[PDB]
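One chain comes next, on its own, written as structure tokens: the form deposited in one PDB entry.
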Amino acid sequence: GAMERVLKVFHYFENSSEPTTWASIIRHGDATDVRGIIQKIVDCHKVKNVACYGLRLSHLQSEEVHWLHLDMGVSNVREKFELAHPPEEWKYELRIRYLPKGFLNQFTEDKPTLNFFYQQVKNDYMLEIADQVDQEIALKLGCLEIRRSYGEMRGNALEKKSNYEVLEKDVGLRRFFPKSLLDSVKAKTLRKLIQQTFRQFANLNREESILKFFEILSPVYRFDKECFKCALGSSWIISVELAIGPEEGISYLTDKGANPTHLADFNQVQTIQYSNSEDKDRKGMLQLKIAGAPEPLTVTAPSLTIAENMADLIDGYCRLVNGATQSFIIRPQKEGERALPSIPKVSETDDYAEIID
């Protein structure tokens, strides 16, 4: 629009508000790209690992997700998805998506990022598995968040009923523990289990609490890779599940619980070329030219949305491991080749992004 260019971006940089509420309001221009939106948010929190962050668009009433590539124009994206469904039904969310090898060690030297990643993974934990994990695991993770959140509290404070009551009655234990834990244990017993569990973590500082949380969660929940149902090959097409992450590089899965089988490291990917089959129901294809392999790795995704999301992921990792700011995706030249959509074809410039605090 003209004055409709105000974008709300939800994020995981903590403040005193409601977590479901953490967001920045950004006024942008007609030429601002995703890269500019990301940069402005993360520089405001003094992030070092800028290359880790992406922007995910989801429809509040679908499981569908759109990862917005850094070079996509904001107004282009908004106009395209506002043709599908109106503005109020979309959520734009800043997320860490491209993890360096050894990400935890690296994030320890960038506290805003370590904290953001923690809040991100905690949110997904509480939403997707906290009601199902072992109650001992849910007790410990909840106790760690208490320890981290109330950093100045003396380590034995929760032994006092009057202190525990503030968490139970005023704050709400739902902030830290799943409904199923709270609905299934008597209140007095829950109090005792919390007080006791908390003792093993009572002397941990905020960073140590965060690192302990990841240590305890990693066994029961993978938050360091994404998986895609797709198919590999150019002649014979074999259906697979790809597992993409810092430990896997690009891998494929075989048996439930077996180590993934390695295909390629991110640092061997030279180019990424996107194409669409010419079928009435067009297929999304990615060709990855891999250093040392004469044939490209060809991936056929079940939809164009999925292929675009996979391209964002793989390109993000290429940029990250090579320390590059530019994309490795190459321009379409032949029949059926495609670019990713919505790329365009002191603060009065039309790419300005400004946070409205």
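If you superpose the two forms and keep the largest set of C-alpha atoms that fall within 1.5 Å, you have the rigid core. Note that residue numbering follows the sequence shown and begins at 1.
In this entry, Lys334 and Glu335 are joined directly, with no residue of the deposited sequence lacking coordinates between them. Judged by mean Cα B factor in the deposited record, 255-263 ranks above the other of 69-77 and 255-263. Two stretches are in play, 230-238 and 118-126, and the higher mean C-alpha B-factor belongs to 230-238. Remark: of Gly155, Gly142, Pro87, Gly249, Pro87 shows the highest value [criterion: C-alpha B-factor in the PDB entry]. Note on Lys91, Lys212, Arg97, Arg282: the highest value goes to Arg282, judged by CA B factor as recorded. Compared with the other modelled residues of the chain, the Cα B-factor recorded for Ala23 ranks in the middle third. When all modelled residues of the chain are sorted by CA temperature factor, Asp315 is found within the lowest third.
In this PDB entry, the Cα temperature factor of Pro302 sits in the middle third of its chain's modelled residues. Ranked by Cα temperature factor within the chain, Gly36 sits in the middle third according to the deposited record. Placement of the Cα temperature factor of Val42 within the chain: middle third of the modelled residues, per the deposited record.
One more form of this protein exists, namely the form deposited in another entry; it is left out here, but the text below deals with it.
The one residue among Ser184, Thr108, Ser218, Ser277 whose Cα position changes by 2 Å or more between the shown form and the other one, with the core held fixed by superposition, is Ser277. Annotation for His66: C-alpha shift under 2 angstroms between the shown form and the other one, rigid core superposed. Fitting the two forms on the rigid core leaves the C-alpha of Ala258 displaced by at least 2 angstroms between the shown form and the other one. Core-superposed comparison between the shown form and the other one: the CA of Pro296 stays below a 2 Å shift. CA of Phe81 to CA of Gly29: farther apart by 3 Å or more in the other entry than in the shown form. One change in the other entry concerns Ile96 and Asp30, whose Cα atoms lie at least 3 Å closer than in this form.
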